[PDB]
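Written out below as structure tokens is the structure these notes cover.
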Amino acid sequence: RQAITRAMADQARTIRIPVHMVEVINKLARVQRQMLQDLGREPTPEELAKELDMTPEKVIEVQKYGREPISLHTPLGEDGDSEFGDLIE
DNA sequence: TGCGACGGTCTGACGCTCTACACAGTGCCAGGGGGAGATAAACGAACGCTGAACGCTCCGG
């Protein structure tokens, strides 16, 4: 489990994230999911900040860092030739 | 070896803009090494103060 999650931290994401930041973001994700299934609603970032004992600015920074890139080759729709990479200057 | 046929492999499948969008279910902490920022001191520099000192026009008894 240790080696698999270490390689998941160091290799799964294209923009590499250090292992401590990976465990921080997935702990935040799992406690957010727990609060969502308990309260039945999306938890406010302030309550997440108090329950994680971190500052709200740290919480929103963590949510910002927890993203996934989108490929430049995703088609828009019916047309195959018009790409997502040709709409950005 | 000749035979069809069986099968995989491979290719494109008129043109443009007006329009045009985004992407989702399973761990956790302690010990240790580096460099970012604050600290108070340091060797050297030039920055000021000291008016003194040279020289001028100067109103002058």
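Quick note on naming: the chains in the structure tokens go A, B, ... in the order shown, residues restart at 1 in each chain, and ligands are numbered from 1 in order of appearance.
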Fill in: Interface residues on chain A facing chain B, 12 Å, only C-alpha atoms (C1' of nucleotides), written as JSON, numbers by chain
{"A": [1, 2, 4, 5, 6, 19, 20, 22, 23, 24, 26, 27, 29, 30, 33, 68, 69, 70, 71, 74, 75, 76, 77, 78, 79, 82, 83, 84, 86, 87, 88]}
Selected residues written out with N, CA, C and O atoms, as a tab-separated table (two decimals), in the first residue's frame:
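What ended up in selection_3.tsv:
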```
chain	number	residue	atom	x	y	z
A	1	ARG	N	0.82	-1.20	0.00
A	1	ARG	CA	0.00	0.00	0.00
A	1	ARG	C	0.86	1.26	0.00
A	1	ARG	O	0.55	2.23	-0.71
A	2	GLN	N	1.96	1.25	0.76
A	2	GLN	CA	2.83	2.42	0.84
A	2	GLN	C	3.46	2.73	-0.51
A	2	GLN	O	3.42	3.87	-0.97
A	4	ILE	N	2.48	1.68	-3.51
A	4	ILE	CA	1.47	1.98	-4.52
A	4	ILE	C	0.97	3.41	-4.37
A	4	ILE	O	0.86	4.14	-5.35
A	5	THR	N	0.69	3.84	-3.13
A	5	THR	CA	0.21	5.21	-2.96
A	5	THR	C	1.33	6.23	-3.16
A	5	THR	O	1.07	7.36	-3.60
A	6	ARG	N	2.59	5.85	-2.91
A	6	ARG	CA	3.71	6.74	-3.19
A	6	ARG	C	3.87	6.95	-4.69
A	6	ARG	O	4.05	8.09	-5.15
A	19	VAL	N	4.17	14.17	-1.85
A	19	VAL	CA	3.38	13.16	-1.16
A	19	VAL	C	2.62	13.75	0.02
A	19	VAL	O	1.48	13.35	0.31
A	20	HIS	N	3.22	14.72	0.73
A	20	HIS	CA	2.52	15.35	1.84
A	20	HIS	C	1.34	16.17	1.34
A	20	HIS	O	0.26	16.16	1.95
A	22	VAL	N	-0.27	15.48	-1.42
A	22	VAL	CA	-1.25	14.50	-1.89
A	22	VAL	C	-2.08	13.97	-0.72
A	22	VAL	O	-3.31	13.85	-0.83
A	23	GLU	N	-1.43	13.64	0.40
A	23	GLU	CA	-2.21	13.16	1.54
A	23	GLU	C	-3.07	14.28	2.14
A	23	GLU	O	-4.18	14.01	2.60
A	24	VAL	N	-2.60	15.53	2.09
A	24	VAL	CA	-3.43	16.64	2.55
A	24	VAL	C	-4.68	16.78	1.69
A	24	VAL	O	-5.80	16.88	2.20
A	26	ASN	N	-6.12	14.55	-0.35
A	26	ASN	CA	-7.08	13.45	-0.31
A	26	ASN	C	-7.75	13.33	1.06
A	26	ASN	O	-8.91	12.91	1.13
A	27	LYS	N	-7.06	13.72	2.14
A	27	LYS	CA	-7.73	13.81	3.43
A	27	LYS	C	-8.82	14.87	3.41
A	27	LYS	O	-9.92	14.66	3.94
A	29	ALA	N	-10.46	15.83	0.73
A	29	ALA	CA	-11.53	15.30	-0.10
A	29	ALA	C	-12.39	14.30	0.66
A	29	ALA	O	-13.62	14.33	0.55
A	30	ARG	N	-11.76	13.42	1.45
A	30	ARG	CA	-12.54	12.40	2.15
A	30	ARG	C	-13.35	13.01	3.29
A	30	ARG	O	-14.49	12.59	3.53
A	33	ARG	N	-16.30	14.69	1.64
A	33	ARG	CA	-17.30	13.69	1.27
A	33	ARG	C	-18.07	13.21	2.49
A	33	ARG	O	-19.29	13.00	2.42
A	68	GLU	N	-7.18	18.65	-12.23
A	68	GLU	CA	-6.68	17.71	-13.23
A	68	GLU	C	-6.71	18.42	-14.58
A	68	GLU	O	-7.73	19.02	-14.94
A	69	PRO	N	-5.61	18.38	-15.34
A	69	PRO	CA	-5.59	19.06	-16.64
A	69	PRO	C	-6.52	18.39	-17.64
A	69	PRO	O	-6.78	17.19	-17.59
A	70	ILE	N	-7.02	19.21	-18.57
A	70	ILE	CA	-7.88	18.75	-19.65
A	70	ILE	C	-7.06	18.74	-20.94
A	70	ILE	O	-6.27	19.66	-21.19
A	71	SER	N	-7.23	17.69	-21.74
A	71	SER	CA	-6.43	17.53	-22.94
A	71	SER	C	-6.78	18.58	-23.99
A	71	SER	O	-7.91	19.05	-24.08
A	74	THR	N	-9.54	17.45	-27.12
A	74	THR	CA	-10.95	17.11	-26.90
A	74	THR	C	-11.82	17.77	-27.96
A	74	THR	O	-11.80	19.01	-28.07
A	75	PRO	N	-12.57	17.02	-28.75
A	75	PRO	CA	-13.45	17.64	-29.75
A	75	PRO	C	-14.60	18.39	-29.11
A	75	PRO	O	-15.07	18.05	-28.02
A	76	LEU	N	-15.06	19.43	-29.80
A	76	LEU	CA	-16.15	20.26	-29.28
A	76	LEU	C	-17.52	19.62	-29.44
A	76	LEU	O	-18.39	19.81	-28.60
A	77	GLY	N	-17.72	18.85	-30.51
A	77	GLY	CA	-19.06	18.37	-30.83
A	77	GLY	C	-19.14	17.59	-32.12
A	77	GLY	O	-18.39	16.64	-32.33
A	78	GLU	N	-20.09	17.98	-32.98
A	78	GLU	CA	-20.31	17.28	-34.24
A	78	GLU	C	-19.08	17.33	-35.13
A	78	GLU	O	-18.73	16.33	-35.77
A	79	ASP	N	-18.41	18.47	-35.20
A	79	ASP	CA	-17.20	18.60	-36.02
A	79	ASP	C	-16.01	17.96	-35.31
A	79	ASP	O	-15.75	18.20	-34.13
A	82	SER	N	-12.40	20.69	-35.77
A	82	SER	CA	-12.24	21.84	-34.89
A	82	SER	C	-11.94	21.34	-33.48
A	82	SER	O	-12.79	20.72	-32.83
A	83	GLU	N	-10.73	21.62	-33.01
A	83	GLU	CA	-10.22	21.06	-31.77
A	83	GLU	C	-10.32	22.10	-30.66
A	83	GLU	O	-10.57	23.28	-30.91
A	84	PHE	N	-10.13	21.64	-29.42
A	84	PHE	CA	-10.08	22.57	-28.30
A	84	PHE	C	-8.81	23.40	-28.30
A	84	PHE	O	-8.81	24.51	-27.77
A	86	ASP	N	-7.38	24.77	-30.87
A	86	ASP	CA	-7.43	25.80	-31.91
A	86	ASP	C	-8.37	26.95	-31.56
A	86	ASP	O	-8.56	27.85	-32.38
A	87	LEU	N	-8.96	26.94	-30.37
A	87	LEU	CA	-9.81	28.03	-29.91
A	87	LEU	C	-9.08	29.01	-29.00
A	87	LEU	O	-9.63	30.07	-28.69
A	88	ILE	N	-7.86	28.68	-28.58
A	88	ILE	CA	-7.11	29.50	-27.63
A	88	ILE	C	-5.90	30.09	-28.34
A	88	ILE	O	-5.20	29.39	-29.08
```
Discussion item. Just list as a VMD selection string whatever in range 16-64 of chain A DSSP marks as alpha helix (DSSP H).
Written reply: chain A and resid 19 to 39 45 to 52 56 to 64
Worksheet item: Which residues, written as an MDAnalysis selection string, have at least one atom at most 10 Å from residue 49 in chain A, with only C-alpha atoms (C1' of nucleotides) counted and residues fewer than 6 positions away on the same chain left out?
Response: chainID A and resid 28 55:60
Worksheet item: residue 32 in chain A: which residues within 12 Å, counting only C-alpha atoms (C1' of nucleotides), same-chain residues fewer than 4 positions away excluded, as a list in words?
Response: residues 25, 26, 27, 28, 36, 37, 38, 39, 40, 41, 42, 43, 44, 45, 46, 47, 48, 49, 51, 52, 59 and 63 of chain A
Worksheet item: So how far away is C1' of residue 34 in chain B from CA of residue 65 in chain A, in Å?
Response: 23.1 Å
